[PDB]
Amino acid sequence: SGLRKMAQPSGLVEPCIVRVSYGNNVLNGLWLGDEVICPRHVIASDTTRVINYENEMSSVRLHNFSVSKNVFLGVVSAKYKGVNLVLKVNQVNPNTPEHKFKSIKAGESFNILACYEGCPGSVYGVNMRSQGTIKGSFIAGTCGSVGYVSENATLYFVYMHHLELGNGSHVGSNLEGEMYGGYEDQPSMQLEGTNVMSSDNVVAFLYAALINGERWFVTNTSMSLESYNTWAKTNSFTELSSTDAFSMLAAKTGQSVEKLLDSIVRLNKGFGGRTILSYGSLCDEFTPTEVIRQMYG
């Protein structure tokens, strides 16, 4: 039946995206109520070198702002909230959805609505890596793009884009102005720690493969949870607290997690020219609930 990296519908988020400009910098902002949130580096006079954000805030002028969506809104108030700029504007968004704010932990998945100059362009799914970054595809002009997730009909805003590390990783903020991974919103070479892959997600990915008729990687072998967790700590893998999150998947496929744990250790050395749903290497991008919901509704 298939497995694809899916995005949640974005109909509630698109009417809240706006264009935000200051001088020669233009990016996107999130319009909720009578306030606009956007990365604070929109007011930097020179993103070339390291920015003194206190100087840029002292030299700010509200008239130099422009916040528009197809409709122009004047800015009446500007203030820093963490690495985020918070702008009050003279009009309340009539399409403000019921929403909350949250932060994303490692291994969790959420949806990226990538936008360009206030125009929502595309939407796709991502997965939070252990160092506080995501493998997005942000390019020039995508700062301010919003991340979100829906849980039990509750809309959460969880991500706003900011920068791209030298290794290509993408660093963003939550919507209280706190940058993921402790990175700075400065144009300087910042290093990313070694990536610890989520064993919970890798196991779910292998279960998705079994449900789609892939089976060459499971043998008459089964590795113990403590034995796997010892292997995990020396090969940059999360330790599995238990196998309880896979009871349903294990009964439907008739394959235990312990059998799947042995395959991970074997598959970590390479697939040997074979495929697992087109992947040539292990993939920790799908959570267990992501898989269970896509395979069984």
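In this text, residue numbers run from 1 along the sequence as written.
Gaps at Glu117 occur in none of the other compared entries of the protein that contain both adjacent residues, all of which model it rather than a third dropping it. Compared with other PDB entries of the same protein, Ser247 is present in all of those that resolve the residues around it, none of them, let alone a third, dropping it.
Going from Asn70 to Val71, the model skips 1 to 3 deposited residues, which lack coordinates. Taking the mean C-alpha B-factor of each stretch as recorded, 249-257 and 42-50 are not equal, and the higher mean is that of 42-50. Mean CA B-factor, 211-219 versus 189-197: the higher value falls on 189-197. When the C-alpha B-factors of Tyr124, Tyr180, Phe101, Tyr116 are read from the PDB record, the largest value belongs to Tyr116. In this entry, the residue among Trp31, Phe237, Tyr228, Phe65 with the greatest C-alpha B factor is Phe65. Among the modelled residues of its chain, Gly23 has a C-alpha B-factor that falls in the highest third according to the deposited record. Among the modelled residues of the chain, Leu163 sits in the highest third by CA temperature factor in this PDB entry. In the PDB entry, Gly144 places in the lowest third of its chain by CA B-factor. In the deposited entry, the Cα temperature factor of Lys105 places it in the highest third of its chain's modelled residues. Remark: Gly172 belongs to the lowest third of its chain, ranked by C-alpha B-factor as recorded.
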